[PDB]
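Only one chain is shown below, in structure tokens, and it's the form deposited in one PDB entry.
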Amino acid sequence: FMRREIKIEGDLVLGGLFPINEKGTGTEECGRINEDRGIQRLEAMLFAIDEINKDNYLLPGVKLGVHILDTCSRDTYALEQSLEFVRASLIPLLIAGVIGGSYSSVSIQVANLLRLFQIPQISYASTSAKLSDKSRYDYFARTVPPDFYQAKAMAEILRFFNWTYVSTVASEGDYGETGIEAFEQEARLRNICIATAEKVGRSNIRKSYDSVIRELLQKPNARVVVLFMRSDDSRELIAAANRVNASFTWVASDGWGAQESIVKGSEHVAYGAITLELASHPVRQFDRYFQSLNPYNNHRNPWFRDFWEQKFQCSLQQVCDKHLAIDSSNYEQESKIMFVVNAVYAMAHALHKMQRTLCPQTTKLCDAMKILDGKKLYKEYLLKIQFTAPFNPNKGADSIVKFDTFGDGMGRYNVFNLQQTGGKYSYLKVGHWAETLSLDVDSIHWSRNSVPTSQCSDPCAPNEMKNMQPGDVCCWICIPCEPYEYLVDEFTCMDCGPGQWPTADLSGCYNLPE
């Protein structure tokens, strides 16, 4: 009966799309609140707009409004909601540009719609490589990189610890499939074999997941499982492994990232997991803003109440303590917030340079810009380069926001390790990827305190077996050697020669008596 949205008027309006709510189960379209990647990212856009509307050097004279909608983590729903943005170009607010899409599937479908009406779009989290194709997504840009690189970071980590036999499980969609396709290619090149390639997807219940765990279990040697899955899917997969108490060493992409909500209730099954996330740094000023929010002062966000009640397990009108508050003990800035803020700022800077150009006499939205030329805006937005919203210290660690010729951001990632040292589970940065892998292996805590072994065949017996490679470079057979042969090396048996005999160790030959 009621479909929520945020509508704030302005001289120029920016549309927004966030997975405020998780996907609905069964017949319902929306489910529980997505606390970190939903509410936080939403308020980070509101935070950016407020800051911009108080900035005298950026769009002074032009107030930015917004029209933020919920995607409910589903491309189809996001798509239906976005129709709201195009009808406006005919109560309805004219959309200068759209900020959003977290899931690549929604960003892509939304992009297919938006280009039809020349509406620029900037995503702050969609990493699918498909989105780099300017012949299909010509009005799309993003402040994050294409998984073309993330897939390399993952394959190079496996190649490092010599994990040549692994299983993979990808989410159906443009994120999981294209991302896993990239990995497979990077794997072949580095002689890494895939034991079993699984995949879950749309409208999947426990059984589809339990069925995946079972199939992973049918490849016991492949103890390292490469994941390229959506957040929600990852959560389901780990819950499935927790039931049958299965245990593997997970290598997950940003979809999983450094989210604690993913492993909650199955912390021991995900212990030792290694995950990736886009290299970013918290926006300090945002921490202050978000923590100051509460059901009393934050009425413009129609999802905040539901949020509040779920985060604290509340109720208003077990009632809730009017003294609750978001703080350093219960809140941690979502990993990609920086990208949301930069996205909004990039659109503002683009509009700002356009207004300086077409309206040389005032700071106001002059007649020449009453009807925006979206095509020009995009080909004015692509060439944008600016120092990251003030909320970023220094400027030496290349803190400039700009875009590739494909409209992408820079491929930089951080590697994380799920630890628990202090009784509580948390992610610890254990490395990073810029162009080459980098990580200090010593700070890594593994599953079962031993650096995993993930190879095709069982190791050869010492006392007499030689390692033999068939046709591939992942599997082998062990050939016991003749009692008179020793192991010159791991794969070769050689006759000790007359008068000599192999040592018990088989490392050499000793002289025979008698």
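Residue numbers run from 1 along the displayed sequence.
According to the record, no deposited residue between residue 135 and residue 136 is left without atomic coordinates. Across the two stretches, 247-255 and 389-397, the PDB entry reports the greater mean Cα temperature factor for 389-397. The stretch 206-214 shows the higher mean C-alpha B-factor when 206-214 is compared against 151-159 in the entry. Based on the entry's C-alpha B-factors, the most elevated value among 200, 415, 114, 227 belongs to 200.
Taking the deposited Cα B-factors for 268, 349, 300, 336, the highest one is held by 268.
Annotation for residue 43: CA B-factor lies in the lowest third of the chain's modelled residues. Compared with the other modelled residues of the chain, the Cα B-factor recorded for residue 442 ranks in the highest third. Ranked by C-alpha B-factor against the other modelled residues of its chain, residue 142 falls in the lowest third.
Among the modelled residues of its chain, residue 382 has a C-alpha B-factor that falls in the lowest third according to the deposited record. For residue 311, the recorded CA B-factor ranks within the middle third of the chain. Only modelled residues enter the ranking.
The following text describes the form deposited in another entry, which does not appear among the structures shown.
Two rigid parts rotate against each other between this form and the one not shown, and the hinge linking them lies at 456 among 425, 63, 456, 492.
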